[PDB]
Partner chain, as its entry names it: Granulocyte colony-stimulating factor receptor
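As structure tokens, one chain now follows by itself in the form solved without the partner chain.
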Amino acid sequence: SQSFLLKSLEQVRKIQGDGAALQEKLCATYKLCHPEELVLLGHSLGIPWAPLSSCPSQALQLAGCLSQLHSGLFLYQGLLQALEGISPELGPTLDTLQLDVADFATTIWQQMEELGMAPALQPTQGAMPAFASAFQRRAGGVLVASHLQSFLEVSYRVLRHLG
């Protein structure tokens, strides 16, 4: 679907912009300007990063890819929620990002429905983090936004397979 391709690319764009805005605010407000410094901490906190291994350029498996996209979007929604708005000043930026993620997820779900592909549960990646300190919420923001940008760069691939 060309119309679906157009709509999904503009939604992915919108998330990527919102994510970059959240990273900019975190950098301006708390001087957390370097997502790479926070990586090993994220690992120690057990932050689950959604996989997209059924989505590669060649040997893309369409039902599997869509299932990983559906599950992964929910994972990112879960992690955003777990931030509890990070702070009163970041709340509005986080809300826009969640809304735009929701919107894209609904588009994906509508296309799964059109194709008759029910989504598969993915292997577990362990418990959601609680992010139970200010710093964790702030750093978790930087890390989740950064990772979502990369999850979305891969999502480009499948979009053109939806007819």
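Residue numbers count along the first chain shown, from 1.
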property	result
Stretch exceeding the other in mean C-alpha B-factor - 119-127, 61-69	119-127
14-22 versus 151-159 - greater average Cα B-factor per the deposited record	151-159
Among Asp103, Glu36, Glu114, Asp95 - the residue whose C-alpha B-factor is largest in the record	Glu36
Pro88, C-alpha B-factor rank within chain (lowest, middle or highest third)	highest
Chain-wide C-alpha B factor ranking for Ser133, given as lowest, middle or highest third	middle
Entry-reported Cα temperature factor of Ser44, expressed as the chain third it lands in	middle
Chain-wide C-alpha B factor ranking for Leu99, given as lowest, middle or highest third	lowest
Cα B factor band for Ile108 (lowest, middle or highest third within the chain)	lowest
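There is another form of the same protein, the form solved in complex with the partner chain; it is not shown, and what comes next is about it.
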{"query": "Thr106: touches the partner chain in the deposited complex, heavy atom cutoff 4.5 angstroms", "finding": "yes"}
{"query": "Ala130, heavy atom within 4.5 angstroms of the partner chain in the deposited complex", "finding": "no"}
{"query": "Touches the partner chain in the deposited complex: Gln125 (any heavy atom, 4.5 Å)", "finding": "no"}
{"query": "Touches the partner chain in the deposited complex: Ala120 (any heavy atom, 4.5 Å)", "finding": "no"}
{"query": "Within 4.5 Å of the partner chain in the deposited complex: residues from 15-47 (heavy atom criterion)", "finding": "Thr29, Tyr30, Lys31, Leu32, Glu36, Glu37, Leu38, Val39, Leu40, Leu41, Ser44"}
